[PDB]
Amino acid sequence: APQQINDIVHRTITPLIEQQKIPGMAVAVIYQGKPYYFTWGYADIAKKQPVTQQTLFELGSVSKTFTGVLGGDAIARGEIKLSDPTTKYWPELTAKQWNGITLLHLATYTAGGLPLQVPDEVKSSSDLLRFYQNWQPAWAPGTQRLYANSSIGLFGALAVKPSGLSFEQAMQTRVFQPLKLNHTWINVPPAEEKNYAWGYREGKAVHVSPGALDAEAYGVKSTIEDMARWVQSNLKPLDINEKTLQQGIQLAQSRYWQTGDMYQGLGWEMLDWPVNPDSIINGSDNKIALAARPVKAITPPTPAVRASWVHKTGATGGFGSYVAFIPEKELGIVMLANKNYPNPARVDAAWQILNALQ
């Protein structure tokens, strides 16, 4: 691998691993379109299994980028429109507060204060209907952004209804398979269990727990190789032969709302490049990323801007992931770890690496 890439990756990540006590890590850098891989440490400490290019990590909320692109593909197929009322796809949602809440609002966290998590008490489909029927918005639609699994997760579930496919079947057949993501899963199959890393939380080995709208909001597991291919696909959507998927990728990077220097896509978030690194680094901290923020509508949305820092953080109890790329430069990075370590440390390392290579 080019010595420049070797050196900047190792000089940034080795200290990160030490400071954050990360048990295992995989990194991919995409440079001029080509992937370069790096691994450290352990997928399973007790069984002494190393991280490899085939190790599966929980992506946590990086899953939201797959959801956003699947939804974009459904729009490109003509199956849904973001301007459609939520009730068009969920007729049982009759409560009056839903008047005016569209798929766009669900996809982009702007419905008016849907909560970060679906309550753990919501176990059945009837429980889920009750939850959404009884939910009272704090704000008018399209006025404030509040990052929420219950928002984008519902978007993902409704987006696939016209196809008649389950969310998992839709994702597999419409996104994973065409992109040759053959080791990316909503449910890890028995064949791949030997590769599924444990997450580590307070020194205990853990995997994500089942919950409502988990698949849609935070449930994808993938390898560093498949994630590098995901970044390649998002860097250069016009290379994708499947027309609706090519289009769905572009729709997910459109700019729908602005808060501060950040623009909300479908799953993806974007800032203009060059970025102020303090803006993305500090902005990634959950004290900011999870706050209620007024939004400005971008009317109409700006098509994907090539000069962007496009990124998404993800976590589960045991894992921490980060992806960022800059289309204009054919440059990107994926960082997968089996510890949920602070967001700003991820963004700082990613920017140090990409800035050096840019």
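Residue positions are given as counts along the sequence shown, with the first one as 1. Basically, rigid core = biggest C-alpha set you can superpose within 1.5 Å across the two forms.
- Averaged as a root mean square over residues and superposed structures in 9 other deposited structures of this protein, CA distances to the shown form are larger in 290-298; the pair compared was 320-328 and 290-298 with a core fit.
- Where the structures in 9 other deposited structures of this protein are fitted on the rigid core, 119-127 is the one of 263-271 and 119-127 whose C-alphas sit farther from the shown form on average.
- The records show that residue 284 is omitted from the coordinate set of at least a third of the other eligible entries of this protein.
- The deposited model assigns a higher average Cα B-factor to 285-293 than to the other stretch when 285-293 and 50-58 are compared.
- Looking at mean Cα B-factors across 141-149 and 233-241, the upper value is held by 233-241.
- The maximum CA B-factor among the listed residues 266, 280, 106, 158, taken from the PDB record, is found at 280.
- Sorting 126, 184, 195, 102 by the CA temperature factor given in the entry leaves 126 at the top.
- The entry lists a Cα temperature factor for residue 88 that places it in the highest third of the chain's modelled residues.
- Per-chain ranking of the deposited C-alpha B factor places residue 113 in the middle third.
- Among all modelled residues in its chain, residue 300 ranks in the middle third by Cα B-factor.
- Among the modelled residues of the chain, residue 33 sits in the highest third by CA temperature factor in this PDB entry.
- Among all modelled residues in its chain, residue 212 ranks in the middle third by Cα B-factor.
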